[PDB]
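Enquirer: So the protein sequences, as listed, match chains B and A.
Residue numbers are given in the entry's author numbering: position 208 of the first sequence equals residue 208, and the series is strictly consecutive.
Residue numbers are given in the entry's author numbering: position 149 of the second sequence equals residue 149, and the series is strictly consecutive.
For each residue, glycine too, the CB sits at the ideal point set by N, CA and C.
Below you will find the structure I want to go over with you.
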Amino acid sequence: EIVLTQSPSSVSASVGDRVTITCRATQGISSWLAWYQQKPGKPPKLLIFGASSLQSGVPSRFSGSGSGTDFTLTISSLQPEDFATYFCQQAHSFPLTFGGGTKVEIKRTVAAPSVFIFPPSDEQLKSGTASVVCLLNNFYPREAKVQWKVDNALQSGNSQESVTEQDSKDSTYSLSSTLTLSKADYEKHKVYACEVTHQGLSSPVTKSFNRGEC
Amino acid sequence: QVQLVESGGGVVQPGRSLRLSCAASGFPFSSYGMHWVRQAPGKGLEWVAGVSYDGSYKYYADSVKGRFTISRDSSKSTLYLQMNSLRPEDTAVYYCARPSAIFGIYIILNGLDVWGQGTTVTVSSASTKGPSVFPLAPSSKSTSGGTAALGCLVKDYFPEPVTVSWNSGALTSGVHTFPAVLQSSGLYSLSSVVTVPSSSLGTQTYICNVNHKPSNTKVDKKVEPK
């Protein structure tokens, strides 16, 4: 089994930039390497095969090169429709093998997130479980750290996270974090806090409420 | 013109069976080898099976050997993938794909020319359940202010997907509907949020519309400050 390793895992660039993606193989694949483009919700789209042969209809800004073990996909001038994920594929031998993928994102200036915390509703409290939600709104870049604290106790293993794609109008991300407790545990403590670490923040931002009506 | 149409996906409990279909048109079907490729949610592409143009030779990934059977029917120009002993690890969107020819030469091992639209397979012991919808009420620590955030917690549904709109579609600016997360219980949960100006609170009503067609569930939850 031949394994492919793409680099980098993601890249932020502007329109007009020159982007270079590499694919490394554990063995020699002569020239049986293909490059694909994929946008969310749609199937992959072949761009290069034979490591340099452009598919019919693909713009000439997409160039592929390399042989043997090291390969390279190049976009000579990035265009708005080129922000997507790119995969290499090996066709030297069975099993067929894909690279992990390289996501090309839109670069923009740093944006610090607006943080909001939401206590559980009283309608959910009757079911026996409580969900505290924390929103990180319109930040960039994507790297962020959300830590939950209840009565200053750092929580672990009782939260889940979800991130949107880049917004179509300002290229920022948004993040939702949901802390899930039992109602008994929730009524047992007072102050619930959401601590957010981001490079747009000089100090971490913490939003908090305390259960009751405060 | 040249296309591959897929069918057969759905929700299935662990250990059961499913058969996928890929019908070809617009090109000579039995000159090409054919492949099945899947992609788990959030994951990358994984090749699962391939078959030669004549159906004499079949190739399988280690992850599906003894479990999946690929076959084809030349008269129908249709490709099949019989999947038995399904487990949650097999949850993915399945594609059929055609290897590209190189100047008339049909090789089974190449870049993949044409892809079907995909068909989704979900392997879970969960049963269809409508979502519980809870308000994410906007807050304050003074009386007036700037922009406020409110939202909708769509919790404990199965299967995907649910659709969320705000004020029957009249509110779109500042809306973020987050991808669902799969919980330990086997049920999904997502949240939709929107940022509004603080002057709107009290004057303007905010209703969150949640539709979950697999359970015929339709919920309108007004979100107001506590």
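Check this for me: beta carbons of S124 of chain A and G186 of chain A, under 8 Å apart or not?
Expert: Residue 124 of chain A sits at position 124 when you count from the first residue of the second sequence. Residue 186 of chain A sits at position 186 when you count from the first residue of the second sequence. In this structure, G186 of chain A lies closer than 8 Å to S124 of chain A by Cβ.
Enquirer: Quick check on the burial criterion: 16 or more other C-beta atoms within 10 angstroms. Buried or exposed for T163 of chain A?
Expert: The residue given as residue 163 of chain A occupies position 163 in the second sequence. By the neighbour-count rule (16 or more Cβ atoms within 10 Å), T163 of chain A is not buried but exposed.
Enquirer: Using a Cβ cut-off of 7 Å, which residues of the segment 118-130 of chain A contact any Cβ in chain B, in chain order?
Expert: Residues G118.
Enquirer: Could you compute how far the alpha carbon of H212 of chain A sits from the alpha carbon of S71 of chain A?
Expert: Within the second sequence, residue 212 of chain A is the residue found at index 212, counting from 1. Within the second sequence, residue 71 of chain A is the residue found at index 71, counting from 1. Distance between the alpha carbons of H212 of chain A and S71 of chain A: 35 Å.
Enquirer: Identify which residue in A:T195, A:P41 and A:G8 has its Cα closest to the Cα of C96 of chain A.
Expert: Along the second sequence, read from residue 1 onward, the residue named residue 96 of chain A stands at position 96. Cα-wise, what sits closest to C96 of chain A is A:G8.
Enquirer: In its own chain, which residues sit with a C-beta less than 7 Å from the C-beta of residue 225 of chain B, not counting the 5 before and 5 after it?
Expert: What is shown of chain B runs 1 to 214, which leaves residue 225 of chain B out entirely.
Enquirer: Inspect the CB distances between the segment 40-52 of chain A and the segment 18-28 of chain A and report whether three or more fall short of 8 Å.
Expert: In short, these stretches do not touch, since the Cβ pair count stays below three.
Enquirer: Which of the residues in the segment 51-84 of chain A, read from start to end, lie with their CB under 7 Å from any CB of chain B?
Expert: Answer in chain order: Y59 and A61.
Enquirer: Just the Cα atoms here: how many angstroms apart are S114 of chain B and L135 of chain B?
Expert: In the first sequence, the residue the question calls residue 114 of chain B occupies position 114. In the first sequence, the residue the question calls residue 135 of chain B occupies position 135. Between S114 of chain B and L135 of chain B, the C-alpha separation is close to 8 Å.
Enquirer: Would you mind reading off the limits of the alpha helix (DSSP H) that contains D122 of chain B?
Expert: The residue labelled residue 122 of chain B in the question sits at position 122 within the first sequence. Per DSSP, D122 of chain B belongs to the alpha helix (DSSP H) from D122 to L125.
Enquirer: Going by C-alpha distance, which of A:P99, A:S191, A:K129 and A:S199 is nearest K221 of chain A?
Expert: Looking up residue 221 of chain A in the second sequence gives position 221. The shortest Cα separation from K221 of chain A among A:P99, A:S191, A:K129 and A:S199 belongs to A:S191.
Enquirer: Ignoring anything shorter than 4 residues, give me the alpha helix (DSSP H) runs that lie fully in the segment 158-202 of chain B, in order along the chain.
Expert: You should have 183-187.
Enquirer: At a cut of 8 Å, does the segment 201-208 of chain A reach the segment 108-120 of chain A through at least three beta carbon pairs?
Expert: Verdict: no, contact absent.
Enquirer: Give the residues from the segment 130-152 of chain B that approach chain A closer than 9 Å (Cβ to any Cβ), ordered along the chain.
Expert: Here the close residues are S131, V133, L135, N137 and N138.
Enquirer: I need the straight-line Cα distance from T120 of chain A to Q82 of chain A, nearest angstrom please.
Expert: In the second sequence, the residue the question calls residue 120 of chain A occupies position 120. In the second sequence, the residue the question calls residue 82 of chain A occupies position 82. If you take the alpha carbons of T120 of chain A and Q82 of chain A, they lie about 14 Å apart.
Enquirer: Could you compute how far the alpha carbon of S168 of chain A sits from the alpha carbon of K155 of chain A?
Expert: Residue mapping note: residue 168 of chain A aligns to position 168 of the second sequence, counting from 1. Residue mapping note: residue 155 of chain A aligns to position 155 of the second sequence, counting from 1. The straight-line gap from Cα to Cα measures roughly 20 Å.
Enquirer: Could you give the DSSP three-state label for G10 of chain A: helix, strand or coil?
Expert: Counting from one through the second sequence, the residue named residue 10 of chain A turns up at place 10. It is a strand residue.
Enquirer: Judging by CA-CA distance, which residue of A:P14, A:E160, A:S75 and A:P197 is the nearest neighbour of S144 of chain A?
Expert: Along the second sequence, one-based indexing puts residue 144 of chain A at 144. Closest by alpha carbon: A:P197.
Enquirer: Please give me, in chain order, every unbroken run of the alpha helix (DSSP H) with length at least 4 that falls completely inside the segment 18-88 of chain B.
Expert: Here no run is fully enclosed.
Enquirer: Counting only runs that start and end within the segment 156-211 of chain A, where is the beta strand (DSSP E) found for 3 or more residues in a row?
Expert: Entirely contained in the segment 156-211 of chain A, the beta strand (DSSP E) runs reaching 3 residues are, in chain order, 163-166, 175-177 and 188-197.
Enquirer: How about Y192 of chain B and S168 of chain B: are their beta carbons less than 8 Å apart?
Expert: Stepping through the first sequence from its first residue, residue 192 of chain B is reached at position 192. Stepping through the first sequence from its first residue, residue 168 of chain B is reached at position 168. No.
Enquirer: When the cut-off is 8 Å and only beta carbons count, does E123 of chain B lie next to chain A?
Expert: As a first step, residue 123 of chain B is located in the first sequence; it is residue number 123 there, counting from the start. By this cut-off, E123 of chain B is an interface position.
Enquirer: How is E213 of chain B classed by DSSP in three states: helix, strand or coil?
Expert: Counting from 1 along the first sequence, the entry for residue 213 of chain B is found at position 213. Residue state, collapsed to three classes: coil.
Enquirer: Here's the rule I'm using: 16 or more other beta-carbon atoms within 10 Å means buried, otherwise exposed. How should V133 of chain B be labelled?
Expert: What you label residue 133 of chain B is simply residue 133 of the first sequence in a count that begins at 1. Under this definition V133 of chain B is a buried residue.
Enquirer: For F134 of chain A, return the contacting residues in chain B, with the cut-off set at a CB-CB distance below 7 Å.
Expert: For this step, residue 134 of chain A is matched to residue 134 along the second sequence. Under the 7 Å cutoff, chain B gives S121, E123 and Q124.
Enquirer: Would you say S176 of chain B and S159 of chain B are within 8 Å of each other, going by their C-beta atoms?
Expert: Here residue 176 of chain B is taken as the residue at index 176 of the first sequence, counted from 1. Here residue 159 of chain B is taken as the residue at index 159 of the first sequence, counted from 1. No, they are not a contact pair.
Enquirer: Please go through the same chain and pick out, in chain order, the residues whose beta-carbon is closer than 6 Å to the beta-carbon of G116 of chain A, but skip the five residues on each side of it.
Expert: The residue given as residue 116 of chain A occupies position 116 in the second sequence. Result list for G116 of chain A: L4, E6, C22, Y95 and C96, in chain order.
Enquirer: DSSP on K145 of chain B, reduced to helix/strand/coil?
Expert: Within the first sequence, numbered from 1, the residue matching residue 145 of chain B stands at position 145. Residue state, collapsed to three classes: strand.
Enquirer: For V219 of chain A, tell me which candidate among A:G130, A:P138 and A:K141 has the shortest Cα-Cα distance.
Expert: Locating residue 219 of chain A in the second sequence gives position 219, where the first residue counts as 1. Among A:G130, A:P138 and A:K141, the Cα nearest to that of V219 of chain A is on A:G130.
Enquirer: Relative to the C-alpha of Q37 of chain B, which residue among B:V11, B:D82, B:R108 and B:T129 is closest?
Expert: Here residue 37 of chain B refers to the residue found at position 37 when the first sequence is read from its first residue. Checking every option, the nearest Cα to that of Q37 of chain B belongs to B:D82.
Enquirer: Excluding the 5 residues preceding and the 5 following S200 of chain A in the sequence, name in chain order all residues of the same chain whose CB lies nearer than 7 Å to its CB.
Expert: If you number the second sequence from 1, residue 200 of chain A lands on position 200. Contacts found: none.
Enquirer: State whether the segment 47-58 of chain B contacts the segment 101-111 of chain B, with contact taken as three or more CB pairs (one from each stretch) at a distance under 8 Å.
Expert: Touching, no, given that fewer than three Cβ pairs across the two stretches are closer than 8 Å.
Enquirer: So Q155 of chain B is in the beta strand (DSSP E); what residue range does that whole segment cover?
Expert: Against the first sequence, residue 155 of chain B aligns to sequence position 155. Counting along the chain, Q155 of chain B falls outside any beta strand (DSSP E), and DSSP gives it neither H nor E.
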